[PDB]
Each structure stands twice: as structure tokens, then as C-alpha cells.
Protein chains: 2
Amino acid sequence: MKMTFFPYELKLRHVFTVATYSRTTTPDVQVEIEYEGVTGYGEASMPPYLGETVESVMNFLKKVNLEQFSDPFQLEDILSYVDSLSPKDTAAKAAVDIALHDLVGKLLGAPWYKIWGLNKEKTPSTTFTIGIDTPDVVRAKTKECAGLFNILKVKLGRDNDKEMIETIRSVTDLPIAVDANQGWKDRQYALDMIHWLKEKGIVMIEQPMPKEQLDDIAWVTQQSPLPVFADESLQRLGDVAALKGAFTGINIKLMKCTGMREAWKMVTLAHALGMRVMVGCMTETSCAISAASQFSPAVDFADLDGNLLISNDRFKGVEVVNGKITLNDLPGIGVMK
Amino acid sequence: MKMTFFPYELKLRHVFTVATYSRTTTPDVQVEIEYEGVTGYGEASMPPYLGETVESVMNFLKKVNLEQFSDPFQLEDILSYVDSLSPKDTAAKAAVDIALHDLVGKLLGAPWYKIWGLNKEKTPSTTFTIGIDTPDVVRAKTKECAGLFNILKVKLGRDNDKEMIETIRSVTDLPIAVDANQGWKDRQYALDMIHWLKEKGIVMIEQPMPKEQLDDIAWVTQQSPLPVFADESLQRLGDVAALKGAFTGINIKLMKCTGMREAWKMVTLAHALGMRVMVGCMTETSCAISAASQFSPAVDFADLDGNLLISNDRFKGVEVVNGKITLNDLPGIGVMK
Ligand SMILES: [Mg+2]
Ligand SMILES: [Mg+2]
């Protein structure tokens, strides 16, 4: 089979903020794998702060030899080989993984949620983000979207956390999921900041402290009234077991774990250890978002709005209907170029 | 879909003996699930010393309502519903799981090893047992089948252990895997054994001492020269994690874990936790044997010779070739009635 790839920068509709960073674009590489007339689509999204770039991803993909593989169904052997080409480049490896499942699914004539034996009717509601701004700009956007979602996401980990909730909580009573994003470097300042939110309608807390301080995080979890989910603290399958106890659940993202195959294994592992599972995303096109939505029926929370934040999506895949992630019946990852 | 099932006693070629129980037959129920003209085959084998019977199985299967399910692909929902019908009955449950996978594979037009993305060329060599008897006989049968296998299985933990090995070892140099069955009581006594056996060409120890003494086991394993696998120490997915550090790996049997879906999860979990995996079986037809063989490319050791021990197999499935478990390309579980 043949693989091709090219840079495809994502244009964000509005300033996008993460911790102390902001951007209006996101480096991204689009991947394709052709085989006997069939094409599987893959994608790598690279928020600048995560360490990968157009260059690194393009370089990594140049190092992948797929022509040496005659059977696309050997995802175990093929993706194991891909992983071996470098110690990281998880986003770059995800693009190949995603493209391969798309291809395999197409060849099987089935969506991966089906191949995996899940009920698409059990997909969750996805959160949508309420950016940080002035009490006016805030209540405005909250107003504009509260009618389309069942749960909203707020990126706290800031200074006016208690502020945002109030502003937002004034013009809406929708449950809120907060992502400190490692903003609360303290310990007690984070624990109580949670009982508070819990009193103000928040229903889940994600990545409170920085990954480095696992002791603080762990500590804060058994004393937290709301489920804490690991994000920055977990990258791949081998990082899951070590988080039991420290977190209530894990947040899986294809760009971080290297794709669908490892992601699915993480869902199985997390659950086997009694942990909860949520699925997240970076700003991505409908390619990676749909790929991850394929296993969303098996999770508890989903932050799969990535494609809604960009203006140059090149695929029509999963739609948000009645606030829920909605899978179509297209085979593979479920998108149409 | 319509599920039918009827008793099908397995006739063993020779007296089969385990521990203190000898028999020449095996209670077994054959299951079939029909959907739009496609039929999936399932099976439940019940060694009369493992709690289930033709009755327990037949009654459980009668409590199963599948006509309420319009979509065979919903394996998660369906098998979850089947598991909820009772606290045990794993064999009866495994039968429904197996038939459902066969059906789904057939509808997808692919074998499960392929759906799971494995390389069929990586199937393992399977063992065959050299029962206990007199030197002439031991050395006899040992020579009658050593030409067709690459590894032989021997149930130790008895009084005639040290000499049983030397007997077989006298007429063959084939590596040996031993199944102690919680035999060795003294923990120091068992550790020395693994040393003597490894000296006599043994490459694997299965369930050395009792399960209620995981402590001694863990002790032995941390310093054992050979990998130790758990069999009696576990039954289902939920029991796997509780063996990490104590055992080198786990042995999976469809009749105990309720089938393929859970088995596949067990393989993922064990590997995720750094443990090894092996797959076994009860005396069964090629239905259950081929079903389990579908994920054998992902295991380290395999004892999949069940069908070879019976004289009334109803299916043609995986074959032993050059000592290797050999998968064919038939969809589903890989069998032909
Ligand atoms: Mg996050
Ligand atoms: Mg055994």
C-alpha cells in the first residue's frame, strides 16, 4: 500500500487558549493510505506546546515504509513497527494508525464502533468550551451555544476561576466540566476550589495540578467530591496502571496515545482497573474527531468538539445532534472527504 | 436472531484423567445462532468436575433471550445481558459468546484473528500431554507423538515427578511444559523443583502451588528461573490484576472466562500489566478450539489440543501442522461443520 502526507494548517475560528498559551491556528498533517483502490484517511494535530511540529511529523512519516507490508489487516505487526521507528512522535504515529483503521474498516465494510461491538445509540454528550473573557463576552457566547449542548467545558486553572463559574452560571444552569489544565500548582487551593465548583454546578474536574506533582494530585483525589480525570499526566497505555488511585479516571486522546488501537486498549485497561474513561481531542478536523468517536459509546465523558473550533475542516464525519456525538454508518472512521 | 442448542456428549479417545477424576466422556452443549440465513456455531464443554452440567447449561441457555436483539454486532450489550443472567455459568455463557463471534465474523467476511489485526503466521506450537504410566508405556506414547509436536505437556506435582521427566527425557529431547495443579505444597520445595526441571529441559511451570498461598507463589516467581503461569488462581478478567508480581503470566480458557470477548480483554490486560499469556482448553470440539486459536498469535504458550482427544468432533477447523496451531481463512471462528 502507498502512504502520502502533506501539511494542512488548521485555521481556528477564534483565539484558543490553553493554560498560558493562545493561538488561532494549529499545525497539522493530513495522511492517506491507498490500497487496491481504497483510501484510508489519517491525521496528526500538533498543538505547538506539545512538542511536535510539521517538520518532525513530516520527517517521521518519511521514515515509515508501508510498501513492505502487503496486508493492511496486520495492524498489530504494522503499528508495532511504526512505534519502533522512534521513542515518541505519538501524533505522527496516530495519523498512520487512524489511516490504517479507516482503510481496514472500509475493506470490511463497517464502522469501527461496529467492529468493536458497541451500540452507537450509547454515544455520550460532548462538552463545548466557554472561553475566558469579560463578563459580557462570556455570557454572550455561553448564551449562543447553551442551546446546542448538554454540558459545557470551562478551562480554569487560572486566577478568576471562582469568577468565570459565576458569570457563566448566571445565564445558564447546564452542568459544567472544568479543566484546570495543571493550573492549580498549590494543593489545598485546588481541593477546596473543587468543593466550591461542585456547589456551583460543576460535575467533573480534569488535570488540577501539574503532572510532576503526582503526590499533590493523588492527595487531592480521595478528598475531592468530583471525579478527577488524568490528562497531561497520562500519555500512553503504559502510563495507565501507575495512575490508579491518583485519579478517578483517564482522558484518552489519539494524538497522545498513537491512535485507535492503543486507545481501545487503554479503555479496556482503565475499566479493568476500575478507573473511569473519558475521550478528549486537540483542535482537529473531522478525521481524527470521528476516529475517536468510534469508541465513545464506551466512555463516560467526551470532549469531542475539536472540528467545531476550526474553519477549514475537510471532512464530514460525526455530527453533534441534541448535544450528543452522533456516528453515521460510513465504514472505517466514518468520514466523507 | 434465533438461538438453538442441544446436548452433545463428547466421546474421549482414551480414558482422560485429571487429579483423581478419570472419565471417557465429557458433558457438552452445542449452540447455533441464526440471522438472515447465516449460522454461527458455539459450544460449551463441561468437565464434570468444574461445576457445570448438561442441566445447568441447558437451563441457563433457556433463560437467554436473543430474539429481543435485532443486531448481532452489539456484542457489548448482548454479552453484558447474558452475563447478568447469573453469577457463574461461564461455560454456558462462553457458548453464546462463541456462536455470536462466529456469526459476526461471517457477516463481516473475516476470521477473528484478522478482525483483531493479528498475524496468523505467528500462531504458537501447541503442547500434547504424556500421561503418567509405566516406563515402557511412558516412553512408548512419548515416542508415538513426539514427531508431531514441538513441545510436550506433563502434569507434575505428583510422587513420580523426578522419574517421569527422566523417563520421557530418555526417549526425547523436546522441551517440556509442566502443569503442577497446585501440587507442590512447601514453597522452598517447589522452588527447587523449577531448578531441577529447568535442568531437565523444562521451559514452563503452570500453577506450582495452591491458590490460597499466593504469597509463597509470589516468593517462588520472583526468583524462579522459569516463567510461572496461573490457571486455578484465576477465572475471569476481574481476577487478573490480583496476580501481578505473583505470577509471570496467566492461562486463559474460554469455558472459564465466558468466551472470546472477555478472553481478548484478558490478553490485553495481562500484557498491559507486564504479564505473559497462554491459552488452554477443555476436551472440546474444533468449535471452541478454533475460536480460542483465533487469538493464539498473541499468546506465549498454547495447550490447544482438546479436539484431538475426542473421537466425535463435528467440525473441521484449525489443524496442528509442524507442531503449530494453524489457522485457516474461514470467517468467524474458522470452522466448517
Ligand atoms: Mg485537558
Ligand atoms: Mg491447567
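Letters go in sequence order (proteins before strands), and every chain restarts at 1. Side chains are part of it too, since the values below use all heavy atoms of this structure and drop only hydrogens, waters and symmetry mates.
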Q: Sort out for me which of B:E76, B:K244, B:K120 touches chain A most, counting heavy-atom pairs under 4.5 Å.
A: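 Ranked by heavy-atom pairs under 4.5 Å with chain A, first place is B:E76.
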Q: Tell me, out of B:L75, B:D71, B:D77, B:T268, who's got the most heavy-atom pairs with chain A below 4.5 Å.
A: B:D77
Q: Roughly how far, to the nearest 0.5 Å, is CG of A:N119 from CD1 of B:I78?
A: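 Reported to 0.5 Å precision, the distance equals 9.5 Å.
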Q: Compare every heavy atom of B:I115 with every heavy atom of A:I115, then report the nearest pair and how far apart it is.
A: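 Heavy-atom minimum between the residues: CG2-CG2, 3.8 Å.
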Q: Under 6.0 Å from the NZ atom of B:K88, do we count more than 12 heavy atoms belonging to anything else shown?
A: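 At most 12 heavy atoms, drawn from other residues, nucleotides or ligands, come within 6.0 Å of this atom.
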Q: Answer yes or no: does atom CG of A:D215 have more than 12 heavy-atom neighbours from other residues, nucleotides or ligands under 6.0 Å?
A: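 No, because the 6.0 Å sphere around CG of A:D215 holds 12 heavy atoms or fewer from other groups.
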Q: With a 4.5 angstrom heavy-atom cut-off, could you sort out which part of B:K122 is near chain A: side chain, backbone, both or neither?
A: side chain
Q: At a 4.5 Å cut-off on heavy atoms, which part of A:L273 comes close to chain B: side chain, backbone, both, or neither?
A: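 For A:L273, the contact with chain B is made by the side chain alone.
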Q: Out of curiosity, B:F73 CZ to A:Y113 OH, how far, rounded to the nearest 0.5 Å?
A: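 Rounded to the nearest 0.5 Å, the CZ-OH separation comes out at 9.5 Å.
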Q: Look up atom CG in A:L269 and atom CG in B:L269, then write down how far apart they are to the nearest 0.5 Å.
A: 6.5 Å
